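# Structural description and commentary
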Amino acid sequence: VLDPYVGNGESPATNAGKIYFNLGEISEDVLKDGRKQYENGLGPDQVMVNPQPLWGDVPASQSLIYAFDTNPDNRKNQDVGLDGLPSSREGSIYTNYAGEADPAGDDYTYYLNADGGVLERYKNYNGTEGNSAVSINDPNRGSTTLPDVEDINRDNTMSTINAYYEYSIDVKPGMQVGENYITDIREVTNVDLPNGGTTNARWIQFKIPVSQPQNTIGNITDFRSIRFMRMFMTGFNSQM
Amino acid sequence: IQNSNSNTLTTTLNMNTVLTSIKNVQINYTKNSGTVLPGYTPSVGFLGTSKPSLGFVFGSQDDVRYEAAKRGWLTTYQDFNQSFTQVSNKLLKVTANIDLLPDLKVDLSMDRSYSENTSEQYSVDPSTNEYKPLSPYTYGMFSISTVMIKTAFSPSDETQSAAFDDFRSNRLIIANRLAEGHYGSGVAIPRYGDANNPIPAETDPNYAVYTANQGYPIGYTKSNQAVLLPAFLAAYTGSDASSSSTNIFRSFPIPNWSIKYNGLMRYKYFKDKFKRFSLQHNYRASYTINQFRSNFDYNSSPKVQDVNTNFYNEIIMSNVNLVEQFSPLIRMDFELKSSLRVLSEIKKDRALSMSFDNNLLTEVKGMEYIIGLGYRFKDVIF
Amino acid sequence: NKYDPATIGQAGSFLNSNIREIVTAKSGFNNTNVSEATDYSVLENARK
Amino acid sequence: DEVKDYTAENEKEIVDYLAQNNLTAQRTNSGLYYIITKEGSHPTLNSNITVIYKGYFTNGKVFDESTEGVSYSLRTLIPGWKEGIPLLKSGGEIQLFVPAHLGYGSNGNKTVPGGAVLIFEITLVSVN
């Protein structure tokens with residue numbers, strides 16, 4: 001990993017945090033309602049769950065293939081994100097932000113269709129709504145053709161078990177080898193930059209032993225079934 | 001003791017030497033048979049034996065179980081775990097040729113395969129030495145050449161299918177016919193919506209089943225195999241469900257055809273810049289049951305309905321296949337006198353599969369256009 | 001035993017009608033200590 | 001479509017059988033004839049029962065046997081049972097004279113020909 005407290009775009013020293021890794025059986029229900037969302041089954045003429053399941057429209061039909069059709073109209077009606085709402089009916093569910101153009105905050109933007117720096121253009125590159133445009137010549141280029149489904153291992157089944165091992169590393173300005181699972185630090189002094197300047201860099205190698213979990217969530221006692229890996233950042237004050 | 005037959009019959013039946021169009025009627029009939037009878041106590045002689053029956057040694061396939069038990073040369077063990085087994089295979093390969101026109105050749109084919117395996121355990125009564133069958137069951141395969149061209153060119157896609165609409169509609173007609181066959185018209189046919197069988201409350205597990213089909217007879221729902229198999233066949237063969245066959249198997253194969261026509265060249269193409277012209281068309285359709293078997297739930301017990309309130313069926317299968325293939329649908333192979341030869345070919349196929357495990361129809365359609373041009377520019381100078 | 005699919009929720013079974021649904025499979029047991037990997041497993045499009 | 005009708009034939013056959021053997025049977029509006037030998041201490045369309053029944057033809061040839069208690073859902077059985085069983089408590093015994101249309105129908109099954117009258121002796125031992 002690259003130390004974020006050394007280079008030109010370094011973070012403030014007060015912006016410390018933690019990165020957590022989870023290994024094991026992790027719930028695929030990203031929007032926790034007990035139902036498996038797949039956006040290739042949505043549409044105006046498709047049967048939905050008769051009471052709306054707390055996050056938007058969920059198709060009531062059994063999923064068969066995680067694939068869209070080529071018809072642009074069905075794609076527009078379907079590629080609406082994990083919530084199942086086409087950004088105009090999202091205000092009924094996300095009532096605290098109904099006045100915005102994207103109440104759910106899941107709109108996708110191509111990195112060449114945005115403005116600003118590199119990080120600014122990738123800010124909405126992982127949105128699940130509008131990220132599967134039929135035409136590759138669309139100014140909002142798709143970046144994927146697969147529907148967004150709450151099933152990650154592609155076994156057609158949505159797992160809801162949360163039995164995993166948890167590891168954690170700190171992210172601090174002055175990390176050194178010997179603690180925080182740090183095994184190596186390579187300091188690079190003279191980096192040639194496209195603008196003609198130079199910057200300092202610091203690469204840190206982490207080796208977190210799998211056999212020594214920091215915590216255990218749920219009932220998992222061995223490593224014979226490790227199906228999912230999650231990593232999340234927390235504890236930071238500003239952009240990192 | 002094991003027995004086996006390999007019957008085979010071949011007939012050419014040259015119709016030669018308005019019906020004189022037929023020339024040859026090739027008939028092939030193969031019949032394999034086999035019998036395995038365990039627990040056969042007696043031994044054999046130096047030159048052989050004829051103890052069970054002289055026919056069995058030469059492949060009679062007649063019933064020797066009861067005779068063997070009566071004569072007392074079957075095992076007296078009352079927990080015999082070995083099963084009497086019988087195998088049978090029939091293959092019919094009728095072929096014919098027709099010459100309705102001097103430059104028009106027609107080939108007709110008729111195919112029918114039927115394989116049947118029966119297996120059963122048995123005991124011999126200690127008194128009277130009587131053969132007692134125990135849990136006999138049957139399975140096998142079926143296939144027959146059919147004609148389903150009446151729905152071949154009907155458009156079928158994600159938004160419309162006339163044949164599938166007919167499949168949906170024929171379910172009630174077939175259910176009513178089966179109910180009249182079961183309830184002998186002496187009383188009103190009980191249905192899921194009448195007073196005697198009212199729709200239950202929302203808590204009853206049968207509420208959804210009863211609501212999904214209110215006008216259908218009690219034992220014949222929309223999901224009954226015996227209801228939607230003949231409906232499927234009638235819908236995708238173009239037949240009428242009011243008179244179509246409700247049987248699982250078919251007896252008479254429907255011919256598939258191959259037509260060749262070198263006839264248009266005879267009209268005026270002798271000096272009309274054509275040196276060759278021929279039309280070709282093929283149609284081959286088959287209806288296949290990959291694995292049917294007997295049902296142990298179809299017995300003498302009063303239990304006659306399953307969890308879906310459907311009457312138990314005597315013969316059950318997982319899938320039925322309707323395969324249709326125009327190979328080719330058309331073939332125009334003509335050579336011009338300017339050394340330009342063109343071979344155009346349209347091929348079509350359908351691979352319908354009805355699955356009773358999930359009651360789903362998987363339709364695989366295929367179209368292929370092939371065009372081939374050949375030309376020779378003469379005396380090109382570089 | 002009381003897991004008989006024929007006697008699902010008849011008089012004293014350990015299964016409800018919710019055992020037939022993937023969404024409510026967990027609530028389909030009349031028992032108390034039932035887990036989604038020990039007592040039962042679910043598949044949505046299992047192939048034969 | 002080559003159906004048969006067996007209502008009148010079954011009715012007259014049952015009358016003849018009740019004439020031969022001195023038994024008095026009440027008639028259900030659906031054509032079922034039942035004789036309740038005794039009762040106990042009713043099962044509904046949704047109820048699992050246990051029976052030691054035995055079923056035979058007019059000639060006395062038994063077509064189905066159950067010497068030990070067998071469990072049935074009472075909704076998967078023939079209509080004749082559906083109309084006869086709810087007439088009594090546990091421990092009671094009944095004799096049913098189910099016709100064809102209330103039994104196996106006009107086509108029947110193996111060992112039971114179409115249009116056959118079925119005589120059942122049922123001992124309901126549990127309504128669990």
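Residues numbered from 1 in each chain as written, not as in the entry; some residues may be left out. Chains lettered and ligands numbered in written order. Part of a larger assembly, values for the part shown. Heavy atoms only, no water.

The record names cryo-EM as the way this model was obtained, at a resolution of 2.8 Å.

Residue and element names in this part refer to chain B. Their axes nearest at 7 Å, the elements helix α3 (residues 162-182) and helix α5 (residues 225-237) cross at an angle of 135°. One finds that α3 runs oblique with respect to α5. The handedness of the crossing between α3 and α5 is right-handed. Note on element contacts: α5 touches α3 through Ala226, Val227, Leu228, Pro230, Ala231, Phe232, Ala234, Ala235 and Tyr236, opposite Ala163, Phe164, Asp166, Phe167, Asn170, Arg171, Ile174, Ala175 and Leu178. Here the residues of the contact of α3 with α5 sort into 15 nonpolar, one polar and two charged. (Axes fitted to C-alpha atoms, helices over the stretch in contact; angles between N-to-C directions. Helix = DSSP H or I, 4+ residues; strand = E, 2+ residues; numbered from the N terminus. Parallel < 35°, antiparallel > 145°, perpendicular 65-115°, else oblique. Left-handed = near helix turned anticlockwise from the far one by under 90°. Contact = heavy atoms within 4.5 Å. Nonpolar A, V, L, I, M, F, W, Y, C, P; charged D, E, K, R; others polar.)

What follows deals with the environment of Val57 of chain B. All names here are of chain B. Structurally, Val57 can be placed in helix α1 (residues 54-57). What makes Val57 partly exposed here is its relative accessible area of 38%. Other than its neighbours up to four places away in sequence, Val57 contacts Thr49 and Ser50. (Buried < 20%, exposed > 50% of the residue type's maximum accessible area, 1.4 Å probe, protein only.)

Our focus in this paragraph is unusual backbone geometry. Note the cis peptide between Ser327 of chain B and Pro328 of chain B, where omega equals 0°. Within the fold, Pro328 of chain B resides in strand β9 (residues 319-336). Of note in this structure, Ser135 of chain B is not a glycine but carries a positive phi near 50°. With respect to the secondary-structure elements, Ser135 of chain B resides in strand β5 (residues 131-146). Unlike most non-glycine residues, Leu74 of chain D shows phi in positive territory, near 75°. Examined against the element boundaries, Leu74 of chain D turns out to sit in the loop between β6 (70-72) and α2 (79-84).

A few words on the interface of chain D and chain B. Between chain D and chain B, the residue contacts involve 24 residues of the former and 22 residues of the latter. The contact between chain D and chain B buries some 2,000 Å² in all, and 50% of this surface belongs to carbon and sulfur atoms. One can count two salt bridges joining chain D with chain B. Across the salt bridge formed by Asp1 of chain D and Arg177 of chain B, the nearest N and O atoms sit 3.6 Å from each other. Counting the contacts that link chain D with chain B gives ten residue pairs in polar contact. Mapped onto the side of chain D that touches chain B, the elements with two or more residues apiece are β5 (62-65) and α2 of chain D. Along the lines of polarity and charge, the residues of the side of chain D that touches chain B split into eight nonpolar, nine polar and seven charged. (Buried area = accessible area lost by both parts, 1.4 Å probe. Salt bridge = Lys/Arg side-chain N within 4 Å of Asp/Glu carboxyl O. Polar contact = N/O pair within 3.5 Å; in protein donor to acceptor, adjacent residues only side chain to side chain.)

Further remarks concern the pattern of salt bridges. Side chains that differ in charge, positive against negative, can pair when their charged atoms come close. As enumerated under the stated definition, the model contains 24 salt bridges over all chains in all. Two residues, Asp170 of chain A and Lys18 of chain A, come together in a salt bridge whose shortest N-O distance is 2.3 Å. Of this pair, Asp170 of chain A sits in strand β2 (residues 163-171) while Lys18 of chain A sits in strand β1 (residues 17-25), and the two are 152 residues apart along the sequence. Classification of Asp170 of chain A as partly exposed rests on a relative accessible area of 22%. In this structure, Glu324 of chain B engages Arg350 of chain B in a salt bridge whose closest nitrogen and oxygen atoms are separated by 2.6 Å. With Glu324 of chain B in strand β9 and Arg350 of chain B in strand β10 (residues 341-355), the pair connects residues that are 26 residues apart, well separated along the chain. Owing to a relative accessible area of 1%, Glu324 of chain B belongs among the buried residues under this scheme. Salt bridges here are not isolated pairs; linked through shared partners, they connect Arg276, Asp333, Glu335 and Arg341 of chain B.

A word on empty space enclosed by the protein. What the largest cavity holds in volume is close to 40 Å³. In terms of lining residues, the largest cavity is bounded by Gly184 and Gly186 of chain B together with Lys4, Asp5, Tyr6, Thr7, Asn10, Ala100, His101 and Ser106 of chain D. The class makeup of the residues in the lining of the largest cavity is two nonpolar, six polar and two charged. (1 Å grid on protein atoms, 1.4 Å probe; cavity = no way out; pocket = protein on both sides within 12 Å on 5 of 7 lines; lining within 4 Å. Points joined across faces, edges and corners; volume = space filled by probe spheres on them.)

Once that is clear, we can look at the nonpolar core. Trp81 and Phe120 of chain D are the most contacted members of the largest nonpolar core, which has 69 residues in total. Top contributing element to this core by residue count: α5 of chain B, with eight residues. Filtering out sequence-adjacent residues up to four positions away, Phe120 of chain D remains in contact with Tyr53, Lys54, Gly55, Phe63, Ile78, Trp81, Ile94, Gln95, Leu96 and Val98 of chain D. Residues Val64, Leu74, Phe84 and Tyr122 of chain B belong to the second largest nonpolar core, which totals 13 residues. (Core = buried A, V, L, I, M, F, W, Y, C linked by side-chain atoms within 4.5 Å.)

With that out of the way, let us pick up the arrangement of the chains. Between all four pairs of chains that are in contact, chains B and D come out with the most contacts. Structurally, chain A and chain B remain out of contact, their C-alpha atoms never closer than 11 Å. One finds no contact linking chain A with chain D; the least C-alpha distance across the pair is 28 Å.

Residue-level contacts link six residues of chain C with ten residues of chain A. With both chains or domains summed, chain C and chain A bury close to 720 Å², and 47% of this area falls on carbon and sulfur atoms. Summed over the three residues of chain C that lose the most area to chain A, namely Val23, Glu44 and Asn45 of chain C, the buried surface amounts to 72% of that side. Taken together, the links from chain C to chain A amount to three residue pairs in polar contact. Of the residues in the side of chain C that touches chain A, the class split is three nonpolar, one polar and two charged.

A separate point is the packing of aromatic side chains. On inspection of all chains with the given rule, the structure shows 44 aromatic pairs over all chains. Seen from their ring centres, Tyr114 of chain B and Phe142 of chain B are 6.1 Å apart, and the 70° between their planes marks the pair as edge-to-face. Of the two residues, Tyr114 of chain B is situated in strand β4 (residues 104-124) and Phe142 of chain B in strand β5; the sequence distance between them amounts to 28 residues. This pair shows no difference in class: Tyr114 of chain B is buried, exactly as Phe142 of chain B is. With centroids separated by 5.4 Å and ring planes inclined at 85°, the aromatic side chains of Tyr220 of chain B and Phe311 of chain B adopt a geometry described as edge-to-face. Remark: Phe311 of chain B occurs in the loop between β7 (274-294) and β8 (315-317) and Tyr220 of chain B occurs in the loop between α4 (207-212) and α5; sequence separation between them is 91 residues. The exposure class assigned to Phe311 of chain B is buried, which follows from its relative accessible area of 11%. By the ring-pair criterion, three or more aromatic residues cluster together here, those being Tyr53, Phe57, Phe63, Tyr72, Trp81 and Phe120 of chain D. A cation sits over an aromatic face here: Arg65 of chain B above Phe84 of chain B, 4.6 Å from the ring centre. When the ring centre of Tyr267 of chain B is taken as reference, the NZ or CZ atom of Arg266 of chain B above it lies at 5.3 Å. (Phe/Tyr/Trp six-rings, centres within 6.5 Å; stacked < 30°, edge-to-face > 60°. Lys NZ or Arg CZ within 6 Å of the ring centre and 35° of its normal.)

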